[PDB]
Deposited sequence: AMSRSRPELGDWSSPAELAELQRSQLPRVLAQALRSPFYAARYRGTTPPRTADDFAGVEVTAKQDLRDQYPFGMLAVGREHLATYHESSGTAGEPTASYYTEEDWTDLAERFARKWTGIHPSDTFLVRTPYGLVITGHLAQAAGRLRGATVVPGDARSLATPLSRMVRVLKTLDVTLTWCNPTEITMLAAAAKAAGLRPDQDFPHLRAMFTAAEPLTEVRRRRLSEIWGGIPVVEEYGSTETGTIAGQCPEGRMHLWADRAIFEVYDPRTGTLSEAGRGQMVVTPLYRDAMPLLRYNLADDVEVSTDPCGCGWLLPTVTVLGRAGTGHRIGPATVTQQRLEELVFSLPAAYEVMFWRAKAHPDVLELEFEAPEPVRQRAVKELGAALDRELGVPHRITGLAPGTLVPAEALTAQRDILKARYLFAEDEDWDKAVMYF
């Protein structure tokens, strides 16, 4: 406890103390950055930044820089010192590489593990995010290991672990915590109902759901909580190349982990960087060796506030607005989402999609037949009142956007076989997935 190497909540009593925790790490950080081919080349000829003061002059690092430096242009240590290598989600054609030492991994795990509900050895923790190149599954599992929780590696987007099998695991293993994106929370609820289980009653050991990766309105988050019996839905904000940079407090806001990174809001028009306001999320992580980043622009649209929260945490808050005009009206996924998830929970509307045409908003959603026409009418009124856009809203039969087989299919985990008996299906010979 005495010789803990990185700060934790409670180590500062003021914003000036926080700023000194940050400033004191900058000489080590600037020295480590200069070991990478990217920064050594950037500061070739000139004198590199070495002091906290020099940081004010440090040029933004763009997503496009990380892509151009693929794979190891940002690497500051020998490859012998790397523990894991990762690529970000998004375009497969233009990969974003990131990589971490064991010591880098302790910082990552500690940041994920800042869940206000706690992670305890008595928890059974279902990790239902991908383990394929992306960090998300590995990050949750490492936080689970750090805190002693029993980790169930569900993975996501894998033929080994369909939703039917995840519902069975949730129920029969008395799972206490989940990690999955907010769409997966509704997919698991629909799979539960398909198996004849009520998400709001039949999972009494489930005490919290951890989520990230999508823009999530308070309206949808509250509905996800309600679907699963009113348990906490605990949001964090991160990326493969940064780790977790903000986490929810008990009052439902995400706070920036400023003890572990310098956070700045970038106005691309102005080219200026401030500590707060509206603009693009810029990050300087303070406790990484392998892949130093100096003012990395995640290029997410964010609002950062230094206004105190009811939680009492001495950290700024962040709303993530995401990274369409129909006549004058701007329509965001966020605004439509608040209207869709304001429908009464009894209508069981979870799955929807919209297309922004120049002239009209096309919107489709699944609802059971009895409530479909009520739902279409109420959502139409809500769009008229709140957005005033012309719309074509179509109610769909369940199983049309999210097929019954996604919710109920069971899939044997087969190995390759080459010789078959007459009565066997040899179409699973070499293609056994």
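> For this chain, which runs of the deposited sequence have no C-alpha coordinates, given in order from the N-terminus?
Replying inline: Missing CA coords only at 324-327.
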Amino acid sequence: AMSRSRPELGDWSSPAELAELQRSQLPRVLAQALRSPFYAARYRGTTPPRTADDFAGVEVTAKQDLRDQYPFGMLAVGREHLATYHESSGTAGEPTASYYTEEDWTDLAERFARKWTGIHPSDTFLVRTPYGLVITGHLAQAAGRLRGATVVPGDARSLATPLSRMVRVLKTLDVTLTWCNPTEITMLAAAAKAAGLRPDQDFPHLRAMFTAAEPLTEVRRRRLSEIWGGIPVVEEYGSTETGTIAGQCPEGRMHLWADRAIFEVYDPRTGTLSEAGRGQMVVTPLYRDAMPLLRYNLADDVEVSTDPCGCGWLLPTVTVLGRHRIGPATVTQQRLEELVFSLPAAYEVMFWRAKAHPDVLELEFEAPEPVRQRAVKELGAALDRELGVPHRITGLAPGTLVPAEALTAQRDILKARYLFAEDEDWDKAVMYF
From here on, numbers count along this sequence of modelled residues.
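Basically, rigid core = biggest C-alpha set you can superpose within 1.5 Å across the two forms.
> Out of 252-260 and 328-336, which shows the greater rigid core-aligned C-alpha deviation in 4 other deposited structures of this protein?
Replying inline: Between 252-260 and 328-336, greater C-alpha deviation in 4 other deposited structures of this protein belongs to 328-336.
> So 360-368 or 39-47, which one's hotter by mean CA B-factor in the entry?
Replying inline: According to the entry, 39-47 carries the higher average C-alpha B-factor.
>> Going by the mean C-alpha B-factor recorded in the entry, which is higher: 263-271 or 201-209?
In response: Between 201-209 and 263-271, it is 263-271 that shows the higher mean C-alpha B-factor.
> Which one, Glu214, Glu80, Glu94, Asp155, has the peak C-alpha temperature factor per the PDB entry?
Replying inline: Among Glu214, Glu80, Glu94, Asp155, the highest C-alpha B-factor in the entry belongs to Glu94.
>> Looking at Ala381, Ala62, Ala404, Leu401, which one carries the largest C-alpha B-factor according to the PDB entry?
In response: Largest recorded C-alpha B-factor: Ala381.
>> Considering every modelled residue of the chain and its Cα B-factor in the PDB entry, is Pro71 in the lowest, middle or highest third?
In response: For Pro71, whose C-alpha B-factor we compare with every modelled residue in the chain, the answer is the lowest third.
>> Lowest, middle or highest third: which one holds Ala140 when the chain's residues are ordered by CA B-factor from the entry?
In response: According to the entry, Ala140 has a C-alpha B-factor in the chain's lowest third.
> Sorting the chain's CA B-factors, does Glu226 end up in the lowest, middle or highest third?
Replying inline: Middle third - that is where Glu226 ends up once the chain's C-alpha B-factors are sorted.
> Would the CA B-factor of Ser89 place it in the lowest, middle or highest third of its chain?
Replying inline: Answer is middle: the recorded C-alpha B-factor places it there.
>> Please say which third, lowest, middle or highest, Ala276 falls into when its CA temperature factor is compared across its chain.
In response: According to the entry, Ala276 has a C-alpha B-factor in the chain's middle third.
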